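Here's the structure, in C-alpha cells; my notes come after.
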Ligand SMILES: Nc1ccc2ccccc2n1
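Residue numbers (PDB author numbering): -1 to 157, 168 to 385.
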C-alpha cells in the first residue's frame, strides 16, 4: 500500500484532492476527496478558474446517460450532464472501472479561484446521491467491478500546501500509532455516527447526549471545521471561553466573523483546552474517545493582504444539519472507513501536529449507558 502513501495534496481551507484519470485515452484531473457527498462530478467546460477539464469529445469510452443533474447547496450550485466512462486512480489500486461521471456544465460558488482541483469525488453512499439513489457512487462501482476490498482510509496531515494519503482497499499501519477504535456507521447515507459524551479539558458539558447528534453527526473530509449544533456550540464555546480566560478576545471571533492573532512565534497553546468526543463503541455500554489539541481547532489563515502576524481562525462553528467532523477532527487521526463492517475506525495519526506537552489521543474502553438514546429520530 506504500504506492498510495502521500497521494493527497491541497491548500489550507481548500480541501484535499487526489489525482484521477477519466476516459480513453486517460485525461488527468485533480479531484477533491469528499466523504460528505456521493457524486463523482467534474468540470467539463472551460471555466476560467479551472486548470483543466473533462473533454468528452476526446474519449472513445464515453457514454451519455441522456439525463441532467442539478445540485443546489447553501449559497451555491453545480449542474451537469450524466454519463459513464473509464476511471482510474494513478496512485491507487491498479484497476480501471466504469463509473458515473457528472459533467459540470454550469456552477456558482463551487470551484475556488486559485485552487488546483477540478472535480469532487463523493465517497458517501447512494442514499444521498443525486438526482436519486440509483446513481451508483464511484466507490460502489469500484468495489462491485474489482476485487478491491470494500474499505478505504484517510490520513489528512496538512502543513501553505497540505498533504495526506487515501489508501483504497486497506489499512497502512505506518500511518497510525497505537490502536484503532471503531464506532458504528448508524446508517449508510452519510458516514453517520453517534457522539455519546463531550468533554472540554476533562470536564464535560452534561448535555442530553441527544443534542450532540441533532439531527445528525457525520464524518466529512469536505468540511474544514468541527461544526456543532447551536446549543452544543454555545455550551462548548462557553466552556472554551471559560477555560481560556487567561486572555480576552472579541466575542465575534468565536462566531467566525473575525480573525484573531498573536505576534510571530508567540501563540499561547496551553491557554486552550483539549476537546474530547466520546463515540459509541462496538459493544453495548462501551465507548471510546477521541481528543484533539488546539492546533486542530485553531488553524492559521494562510495569507491576510492587510496583515503580517500569526493569525489563526477558530475552526469550531454552529450548524443546522448536525455535527460535522471535518479536517479539524480528521487531521488528528488516521480514519478508516470500514464499509464492509458498517463502522469507522479512529487511531492517533502518525502525522498530527503535536508539541512536547500534549498529544491527540484515541482511548478506551469506557462505560457509557444509554448510547442509543443519543441518536435522533
Ligand atoms: N462534504 C461536503 C460539504 C459541502 C458540500 C457542498 C457541495 C458539494 C459537496 C459538499 N460536500
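For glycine and all other residues, C-beta sits at the position ideal for the given N, C-alpha and C.
For residue 270, the enclosing beta strand (DSSP E) covers residues 268 to 270. If you draw a straight line from the Cα of residue 269 to the Cα of residue 278, it is about 16 Å long.
Taken in chain order, the unbroken stretches of beta strand (DSSP E) that lie wholly in the stretch 44 to 105 and span 3 residues or more are 61 to 71, 74 to 86. Contact annotation, residue 221 with residue 299: C-beta distance approximately 19 Å; criterion of less than 8 Å not satisfied. Per DSSP, residue 219 lies in no beta strand (DSSP E); the unbroken alpha helix (DSSP H) holding it starts and ends at 217 to 220.
The Cβ neighbour count for residue 198, taken over all protein chains shown within 10 Å, is at least 16; the residue is labelled buried.
By the beta-carbon neighbour count (other beta carbons within 10 angstroms, threshold 16), residue 219 is buried.
In this chain, the alpha helix (DSSP H) harbouring residue 139 covers 136 to 143. Contact between residue 45 and residue 114 does not hold, since the beta-carbon distance rounds to 14 Å and is not under 8 Å. Rounded to whole angstroms, the gap between the alpha carbons of residue 345 and residue 307 is 25 Å. With respect to the 8 Å criterion, residue 285 and residue 206 are classified as neighbours on the basis of their beta carbons.
Taking 7 Å as the cut-off, the C-beta of residue 32 counts as close to a heavy atom of ligand 1.
Within the DSSP bridge table, the entry for residue 39 names 100, 118 as partners. Measuring C-alpha to C-alpha distances from residue 98 to each of 202, 92, 66 identifies 66 as the nearest.
Under the three-state reduction of DSSP output, residue 193 falls in the coil class, being neither helix nor strand. For residue 173 against residue 6, the beta-carbon gap comes to about 6 Å, under 8 Å, which counts as contact. Residue 123 is not bridged by DSSP to any residue. Between residue 244 and residue 213, the C-beta gap is smaller than 8 Å, which places the two residues in contact. The C-alpha of residue 316 is placed about 36 Å away from the C-alpha of residue 329.
Contact check for residue 337 and residue 234: beta-carbon distance about 6 Å, within the 8 Å limit, so the pair qualifies. Rounded to the nearest whole angstrom, the CA to CA distance from residue 373 to residue 295 is 6 Å. Within the model, the alpha-carbon separation for residue 370 versus residue 355 is close to 6 Å. Closest in alpha carbon position to residue 151, among 63, 325, 318, 33, is 33. If one requires a minimum length of 4 residues, the alpha helix (DSSP H) runs lying completely within the stretch 212 to 254 are 217 to 220, 238 to 251, in chain order.
Apart from the 5 residues on each side of it in sequence, residue 0 has no Cβ closer than 6 Å to any other Cβ in its chain. A Cβ-Cβ distance of about 4 Å is found for the pair residue 208 and residue 247, placing them in contact under the 8 Å criterion. Sequence-distant Cβ neighbours of residue 137 in its own chain, meaning closer than 6 Å and more than five residues away, are 121.
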